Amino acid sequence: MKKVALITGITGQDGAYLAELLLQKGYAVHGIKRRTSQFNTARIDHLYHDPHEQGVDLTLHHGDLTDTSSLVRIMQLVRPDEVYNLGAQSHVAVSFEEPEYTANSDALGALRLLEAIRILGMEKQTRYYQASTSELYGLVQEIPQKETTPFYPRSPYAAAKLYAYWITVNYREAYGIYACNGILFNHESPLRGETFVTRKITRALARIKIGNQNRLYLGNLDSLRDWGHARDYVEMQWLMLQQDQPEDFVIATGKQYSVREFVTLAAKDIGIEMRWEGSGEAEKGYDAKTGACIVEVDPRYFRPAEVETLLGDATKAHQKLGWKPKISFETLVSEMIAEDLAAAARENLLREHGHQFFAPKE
């Protein structure tokens, strides 16, 4: 019959792309949405577009990863075949300011879902995906990082995810629940949250190009990341729940780029050749042709403990799942720059027609 999926974090980047994929595969899709003082469904509102009157099997439920009652209620109501725990306080910098809330959401949240499956007698009915992460590798102990690279978390977010990784393994080993860990490396999109580095860059460059913004302030320009596109990555989240046995998989492109390179690439798409002068906190990025200063370093964006370099070896995912990234880095950055230009243009169009719009800033 119709497959039922329950997605926590459905309003986030991955949840949006995953809901779309599962709707297109014919699922009855349910999402756990936080109560919010305003609409917070901007990433998925388009999924309710139904011109043919065919019907959209998308259902949103109020709950919170800190609230076991709400999670057990929704699990009981929905009775899903597949649970995707994508919900999280997902920002590493913020986890230094809210470590307890982050642990409660990201570590105990997974336990609550797994314990709900056990309490409700769903061990043979429900498959469970945990949104694990390359942040587990932190101060990397091998280069590249694979499934067997020992973990070394460097933030309260990664410590919390490490718990969720191991509580997922424990429920698989102790109880036989189909529970697995997607160890996904950084993946971005035009739906990426605005204060993560890639979206912050493409958003600042777009508004600098239009003229609504003056400067882009960044932190560690030397930080190296394996960056993919979220549309490719959520497909591996679905596929990992379709296998005969539950297993953990690294998902990654196998190439890493620095924050400096990301700025330089993204600046090209808006017609700026970046020139870098200076070292450390003094380093600055300039438009080569005009001489204008585009990028400066603000140490307020350094993290208390940095993860300097991530690079994933997804050999096993390639062999067992056929993992191959379809969207390339350069394609990713162009889509993000184009989408952010359009957003800045939509804000100019409003102000051109006498409607006020005041932009948000971090």
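One rule holds for the numbers: they count along the sequence shown, beginning at 1.
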Mean C-alpha temperature factor, higher of 303-311 and 63-71: 303-311
Could you settle it for me: does 137-145 or 266-274 have the higher average Cα B factor in the PDB entry? 266-274
From 112, 154, 289, 161, the top C-alpha temperature factor is at 289
Grab the CA temperature factor for residue 209 from the record and place it in the lowest, middle or highest third of its chain. highest
Tertile call for residue 10 (CA temperature factor, within chain, third-based) is the lowest
Residue 199: CA temperature factor from the record, placed by chain third, in the lowest
Once the chain's modelled residues are ordered by C-alpha B factor and cut into thirds, is residue 319 in the lowest, middle or highest one? highest
Mind checking which third residue 216 falls in for C-alpha B-factor across the chain? highest
